[PDB]
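To keep things clear, I will list the structure first and then write my remarks on it.
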Amino acid sequence: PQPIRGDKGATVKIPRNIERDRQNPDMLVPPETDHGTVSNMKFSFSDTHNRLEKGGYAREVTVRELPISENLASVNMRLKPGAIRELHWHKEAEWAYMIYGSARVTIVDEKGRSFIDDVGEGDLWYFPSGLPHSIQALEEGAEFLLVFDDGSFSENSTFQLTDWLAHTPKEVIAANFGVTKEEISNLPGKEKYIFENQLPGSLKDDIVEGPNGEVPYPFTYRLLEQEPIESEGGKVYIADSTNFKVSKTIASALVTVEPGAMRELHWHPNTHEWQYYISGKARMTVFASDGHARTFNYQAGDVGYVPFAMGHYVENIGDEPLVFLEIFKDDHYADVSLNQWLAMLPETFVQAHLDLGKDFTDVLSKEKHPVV
Amino acid sequence: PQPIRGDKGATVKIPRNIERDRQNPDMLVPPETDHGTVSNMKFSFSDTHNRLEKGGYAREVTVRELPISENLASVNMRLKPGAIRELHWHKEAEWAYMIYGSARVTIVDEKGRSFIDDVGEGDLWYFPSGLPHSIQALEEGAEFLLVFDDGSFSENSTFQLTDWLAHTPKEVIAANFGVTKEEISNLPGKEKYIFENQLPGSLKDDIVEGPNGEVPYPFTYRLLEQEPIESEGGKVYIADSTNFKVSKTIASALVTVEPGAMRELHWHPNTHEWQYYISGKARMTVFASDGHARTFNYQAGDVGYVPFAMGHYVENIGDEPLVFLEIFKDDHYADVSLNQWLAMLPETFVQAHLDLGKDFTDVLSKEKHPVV
Amino acid sequence: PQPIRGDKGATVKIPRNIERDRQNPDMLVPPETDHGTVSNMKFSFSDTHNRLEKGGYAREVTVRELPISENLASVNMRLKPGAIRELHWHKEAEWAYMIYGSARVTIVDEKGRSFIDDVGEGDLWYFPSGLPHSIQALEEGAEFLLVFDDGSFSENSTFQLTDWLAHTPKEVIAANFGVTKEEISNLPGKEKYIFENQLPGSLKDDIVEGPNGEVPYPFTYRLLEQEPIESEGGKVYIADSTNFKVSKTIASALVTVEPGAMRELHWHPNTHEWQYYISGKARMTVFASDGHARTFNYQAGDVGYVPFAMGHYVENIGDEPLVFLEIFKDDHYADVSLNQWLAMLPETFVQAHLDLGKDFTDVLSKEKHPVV
Amino acid sequence: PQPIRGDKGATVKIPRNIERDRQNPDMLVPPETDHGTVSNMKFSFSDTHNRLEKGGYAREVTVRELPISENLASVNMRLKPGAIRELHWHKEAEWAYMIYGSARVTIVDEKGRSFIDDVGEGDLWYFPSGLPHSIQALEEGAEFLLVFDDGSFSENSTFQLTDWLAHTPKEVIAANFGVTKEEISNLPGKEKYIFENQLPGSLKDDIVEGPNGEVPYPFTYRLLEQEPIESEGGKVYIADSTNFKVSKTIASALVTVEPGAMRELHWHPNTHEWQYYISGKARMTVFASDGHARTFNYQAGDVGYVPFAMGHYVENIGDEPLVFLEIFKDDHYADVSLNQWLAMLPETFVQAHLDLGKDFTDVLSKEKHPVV
Amino acid sequence: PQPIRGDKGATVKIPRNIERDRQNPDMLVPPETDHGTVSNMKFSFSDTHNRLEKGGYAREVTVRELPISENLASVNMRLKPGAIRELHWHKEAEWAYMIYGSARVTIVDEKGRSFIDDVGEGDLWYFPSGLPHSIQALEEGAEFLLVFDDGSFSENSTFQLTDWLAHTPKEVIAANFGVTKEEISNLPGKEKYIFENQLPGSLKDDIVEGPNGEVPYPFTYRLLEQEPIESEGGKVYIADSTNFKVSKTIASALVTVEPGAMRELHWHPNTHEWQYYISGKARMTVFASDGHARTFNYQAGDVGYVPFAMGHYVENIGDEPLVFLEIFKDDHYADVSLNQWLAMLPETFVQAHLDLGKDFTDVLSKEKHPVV
Ligand SMILES: [Mg+2]
Ligand SMILES: [Mg+2]
Ligand SMILES: [Mg+2]
Ligand SMILES: [Mg+2]
Ligand SMILES: [Mg+2]
Ligand SMILES: [Mn+2]
Ligand SMILES: [Mn+2]
Ligand SMILES: [Mn+2]
Ligand SMILES: [Mn+2]
Ligand SMILES: [Mn+2]
Ligand SMILES: [Mn+2]
Ligand SMILES: [Mn+2]
Ligand SMILES: [Mn+2]
Ligand SMILES: [Mn+2]
Ligand SMILES: [Mn+2]
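Protein chains in written order, with the deposited numbering: chain Y, 8 to 379; chain C, 8 to 379; chain W, 8 to 379; chain X, 8 to 379; chain V, 8 to 379.
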């Protein structure tokens, strides 16, 4: 491939990364309509350090990797069968999508109520900031995407149970529980983070009963069970605080785009959009106002971003289905469709703007079709 | 005029701007009670660049002009008869007051519901952040004041319909609507922003029906229709989220002060006050605490500002009525009257503070009179 | 005392402050488990400038003294019998705890409604931001702790009644009230702030009736009247917006820890904790995640702080009861108990984490006991 | 005047400030070539609060008035005959230009060396940061422009001699000088700032001799004595650290533009330009790159600004001479002339850029002519 | 490849980017010694938008792509034979390395002196901030790396000649040069940026003579002509202000590492290191102190970064030579070699630190060998 478009551009003369150029066709050779300075809106998990542990791994994309995403950060975590992500808590709220396998999660709220449940492929969970939780993969192991509502998410964001105890005077721990220092002499000297463990038993056998009762709302959500918004070119599954009650700071949508289809031109009137590409290949042009626009390519891993109110679309440029997540730090999902917008205005008024005739306004639809 | 007060000050000896000195009597010669460093709280639209277009003009006062106003910015827009302010949207919420003429506005919400209505002198509109809208002046043309809830409002805040399409690949636009590239070959190459157009027909003929139903609440408000708070020296018309339902981030008040009257000494316990002087001449002293106070003069255009909780009053120093707007970035209007405050406390307690007698406390009123 | 722990440390060889070293046993000789850089979380009112006035005094601990506390600041105020803290208002909300004596407070809201009441030892008050108020000590005088919801609280935060009038043109004041300049010639030339005054009469005689009616909710709260959460080692009295209705930005808890007891290991899932030590002596280790932890000593005065979500405990290390306040800038109090958390999880799962057996999990309690 | 240019713009329909519109012809009706968002680069001293004292006055334009000027602030000070600007010092360096009258200044350096001298119209002075100084007007009184090298210049920037003593324990002052508290009982209770005083005697009689010798370099500079750069349309007098040795942080140029002339198109490769218009009327277009440019009008007072490297010119649009100051926070003056730049490049290369022929390149001059 | 190291890690179960994983062996499977949160220190030009023009292209890596690099930004520019990078200037200083081909550059300083010269492969140029310049490729075309001393480098950083004129009133341009508006009617309406042009003639024929004389120092430097520091595993060519006189804000080093060799363990005691990989493949571990370290992989394009004082090395992990640039925003190059450091200390002292014997200290060298 060469950076040539018509009579513009030229061949690359210096040593280059041909493999990456092939993955970014629309960046090596952008649309003629691209223009102006626009921040980077793409980053691959494959370009991050992978923390390997006995029991799995974890890699992250944060504001230190993708500066534009100051409000959201993400971790791609993998657990082997039975492996446990140590009991912990953080300052940020946590949202997750199970891509592969399954796992059992636990969480106890500020009123001493516990919630334990199994999560499979296509399911989500949301843990409010500060509430302690854990994850343990089941027989197939597990690999999921975590999203935290602070782009600065880092090592100083998470508190591990064993790390806390390892840094608390033995005499204080003893006094706190009413035991002797000798009885807790075997406590770990360092945190575990992720550790191998035998597979757990049936969920029903793990349920713990308490004097505080059951939690008011579930911390897990079966996203694929609900009926999706079905368009001619694909489908959209949405989960925000209106249906997944506890998810107050994260609204999400799983979008599937068939080959030859595209997520239509639209924008979000509420907040920034954070994206994760599960599978497939795509291209998206972000319109940043005042004649500024830049096109980006995305595939598999890849994290994407669309700043608040910027116009965009997501086109499948591959032969396989395109599947990605749209994440928003808000209590609801909201979007404005270009097609629907114009369809709901007087025909001659739209014609006056576009210098087009009735032949164009005749194709506008008053019904919203997310994927065409 | 000379900067002389009693035995203080002196005549100006260097070349000067006599015209401006005449407009700022209380700045050239401030009250003896003024003291300390206080930020500038005044700026004139006449001191800004006027963007002229075929169909009208627009000038703005932002944080780049008035640094103290970081949360609110304003645009003075003028449209000729039939002229259209191109379909667009922005990150900020928009509030407006029609000073002269009338116009038809359109807006479509995130659920595909449209609202179209005509706005006349004394009417307002409020467009939630991110929702697309337009303005088209009627037979008398129109001139209004726009207020956006972010002082950094600029060119990167607004997204124009034709600018978006002009910066989107033709093949993508074609695919989005299901037409050929040839059918959209006549789309504008650049945005229009403001453009001349034939006057529209009757409002009833423009109303568009849709499968999503009518909007829950109107985006326009007839401010002058309601009964105002009538005081001995003037009247106050208030519009906040309690009566103009959709206006959640902007609370407003239209104040009219007759000659020889004044908006009484008061402060706002909720947020900063942004002002626009429609007509007349005035002076206001802002009390910034810790013995700091500065007096400013205002007239016609002029934008004013009163930081959160600072004490102030607005005195008419002219022969004609004084008319101005008080704007607040909040979901409600709130103020504390000095008179009412003292009137609601034990008489001897107030006397103990002011070193004054019953003769003074006897004039205090338990009823609030905004303009005396 | 010497900074020696086992074979670590050494004797101090340079001139030193032995008195302070004696007050900070756990800082001169920290637990072996302390580690890493942790910001200072302690400051004494005795290390601040005391503003002395005719009628009392006031000293403060703000972000300029304790940098970690950016959201909360405090003032220790003392009033002699009958002394008045001048009518004033500020940008910040104000919360208070009467430690000694009693006082009468007044406050008028934005609707012209007044609230006057007497506050005794153990009582609280909360004045919403911007609402004018006053304090006048009764026959025993008064000494209380004030907490403002902005760590930057300073001189530019408070507006005094007489200071406002002293910096307002006489002709404007006259016009505002409808009197002559001669009638207000005796107004103070400078603010009073705190001034001596004769003791007031009975509360019932001070109550002012108005055309706006009574306030919807009281601005004072009798904290010690309610039944506290009683544990084996002490008690906790909580006051947040769920019971003390008007206190929307401040949640509080008065904790009493008997000798030999401790506020258990816990953390707050909602926000930072600000502390004030009323009496006694203690030590607290703050766990800041990622193997970081630091221990601090506190006594009498002393202000403490625990950043959001950090693990902590408060142990009484003296022979007398330990009494302190836990303050949070939020509309509710919330905490997660380490004991309760583990008690509500499957036993073998906890055992897998701690490398401990049934003997340990058997002591866990599903009921929360704040002080053990 | 009306905001109309050809077929663009329209008449103003709302109440307006006709006087200011007349002063800003190029802002009400900007050049067709103006475009994009550009910060405000103009502010009038007449729009500022004038501090009046017994002996003169002072008004300032700081970053609180003109946000773009973060590195430089200015004060317009006026002193009556014999009046003294109290002995003081500040954190910022101070540069000055005597516009009217004359004054005697004093300054003592960190080595105890004193410098006393008289300054007349056209003379300058530069006081390094932190060095104490004073100003006393002579028989004609004085009015000058002060420039400080920090845009945040305010009340907290200046330390007055009597204010320091007024806030130092009497016993400490006594001990410091070896006198009794009784001997200093008459010290002022408050600062003087500016105060009336009898005219001083001859300069030679005020010169103080010391054991530390004379200062290495003078703190005053006779700008108009040197030969200026004389062009066909005016002249330029430059004073920077290369000729006015002590002026290390301020470089200056006094520019005079005859009617029908203009300061040529140029830019500064070193730093931002701060301007003060002494007399006349002008217009300047600032080119901010990327197709952004805005035109401003200036007259008498007025402060102007040109951010670092932006292209500009200053055209006299009046019938009288245009006189202004160009100030730079740097140790040298530097500029690049558009004409000279192109004149020093191959002719065909310039022709290739401008699409113009030899007829144009033939008029280019290799010699720099600041004012044409 | 799989993220597995011994008994740590696991196979990837979700869709992935195998191509990128293959390019980042040490990121997918980091050294066991890596630990802690470390910012991203790598970015590929292939992952950026390529601006294509008639005559070449340009792509950039700025702080918007690589957040850690706040002080330096870079552009990879390509010019076809004879193509011109339009006459322009910027706020930032510019440094360049010619990787392929050759070009003629022009620059005029603030004294009207011009410098024109040809630059070939291995040559550099440095243009001080604000000084106008141009680049025109010769018969082979050209491709080079530009480095600007501000990470925020963007569109608002560069001023183009034709863009300035296009946004300046025609009447002003006419007056500035003494021509009629008609004579300049053919000036471009928009900037050119990069445009095709006929190849220039011999350099000697382009040299322009002026009344200001020759520039004091050359703006170009033949880096490969000088004798490099030759080590056993490679060579280092250094150019800083001590030899390339005008390059005051950029110090550089071209490093060549043979297969099986490595840039030794070292750190820089002066400032941050910015890197560009010309050819080959490598891996570098950055030691960030306090037990934090992260390994990164680099190849062809790729930009790297090493924050101030962090320890590092650069190992060739390929079969071909590794060639990269080390750039520093400082007036000199400086480094501390771990080997040399220990070699210059008492043997037993080093042994006491490392718990190693004479066998190790015996291999230390007092001479610095950059590449081993
Ligand atoms: Mg464009
Ligand atoms: Mg005062
Ligand atoms: Mg440790
Ligand atoms: Mg333009
Ligand atoms: Mg380690
Ligand atoms: Mn988690
Ligand atoms: Mn979207
Ligand atoms: Mn709008
Ligand atoms: Mn008000
Ligand atoms: Mn208070
Ligand atoms: Mn706590
Ligand atoms: Mn001074
Ligand atoms: Mn200039
Ligand atoms: Mn350049
Ligand atoms: Mn290095």
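Here a beta-carbon is modelled for each residue, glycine too, at the ideal position from N, C-alpha and C.
Counting only unbroken stretches of 3 or more residues, the beta strand (DSSP E) elements lying wholly within the segment 300 to 338 of chain X are 310 to 313, 319 to 323, 329 to 335, in sequence order. With a 10 Å radius around the Cβ and a threshold of 16 neighbouring Cβ atoms, residue 172(Y) comes out buried. Taking 8 Å as the CB threshold, residue 173(X) stays off the interface with chain C. Rounded to whole angstroms, the gap between the alpha carbons of residue 258(W) and residue 250(W) is 10 Å. Rounded to whole angstroms, the gap between the alpha carbons of residue 117(C) and residue 350(Y) is 13 Å. Between residue 21(Y) and residue 60(V), the CB-CB gap reaches or exceeds 8 Å. Of the residues assessed, residue 71(W) falls on the exposed side of the cut-off, its CB having fewer than 16 other CB atoms within 10 angstroms. Here the C-alpha atom of residue 46(V) lies approximately 14 Å from the C-alpha atom of residue 52(Y). Under the 10 Å beta carbon count, residue 336(V) is surrounded by 16 or more other beta carbons and is classified as buried.
Taking a cut-off of 5 Å from the heavy atoms of ligand 1, the residues with a C-beta inside it are 42(Y), 298(Y).
Non-local C-beta neighbours of residue 142(W) in its own chain, meaning closer than 6 Å and more than five positions away in sequence, comprise 92, 110, 112, ordered along the chain. With a cutoff of 7 Å, residue 174(W) counts as near ligand 2, since its C-beta is closer than that to a heavy atom of the ligand. Burial check for residue 163(W): the Cβ neighbour count within 10 Å stays below 16, so the residue is exposed. Of all alpha-carbon atoms in 254(C), 314(C), 262(C), 304(C), the one lying nearest the alpha-carbon of residue 238(C) is that of 262(C).
By the rule that beta-carbons nearer than 8 Å mark a contact, residue 89(V) does not touch chain X. Here residue 42(X) carries a strand assignment [DSSP, helix/strand/coil]. With respect to the C-alpha of residue 166(X), the residue from 200(X), 157(X), 124(X) having the closest C-alpha is 200(X).
Along the segment 309 to 335 of chain Y, going in chain order, the ones with a CB nearer than 7 Å to a CB of chain C are 315, 316, 318, 320, 322.
Within the segment 121 to 151 of chain W, the complete beta strand (DSSP E) segments of 3 residues or longer fall at 121 to 127, 130 to 134, listed in chain order. The C-beta distance from residue 33(X) to residue 229(X) rounds to 36 Å, too long to meet the 8 Å contact threshold. Under the DSSP assignment, residue 252(C) falls outside any beta strand (DSSP E); it carries neither an H nor an E label. Taking 8 Å as the threshold, the shortest C-beta distance from residue 142(W) to chain C does not fall below it. For the pair residue 292(X) and residue 319(X), the CB atoms are nearer than the 8 Å cut-off. Counting only Cβ-Cβ distances below 7 Å, residue 181(C) has no contacts in chain X at all, with the closest Cβ about 29 Å away. For residue 116(X), the nearest beta carbon of chain C is not closer than 8 Å to its own beta carbon.
Put simply, the segment 208 to 223 of chain X does not touch the segment 75 to 92 of chain X. Fewer than three CB pairs are less than 8 Å apart.
Contact annotation for residue 289(V) against chain Y: no contact, minimum CB-CB distance about 13 Å [criterion: below 7 Å].
About 6 Å separates the CB atoms of residue 101(Y) and residue 153(Y); that is less than 8 Å, so the two are in contact. With a contact defined as Cβ atoms closer than 8 Å, residue 182(W) and residue 269(C) qualify at about 6 Å.
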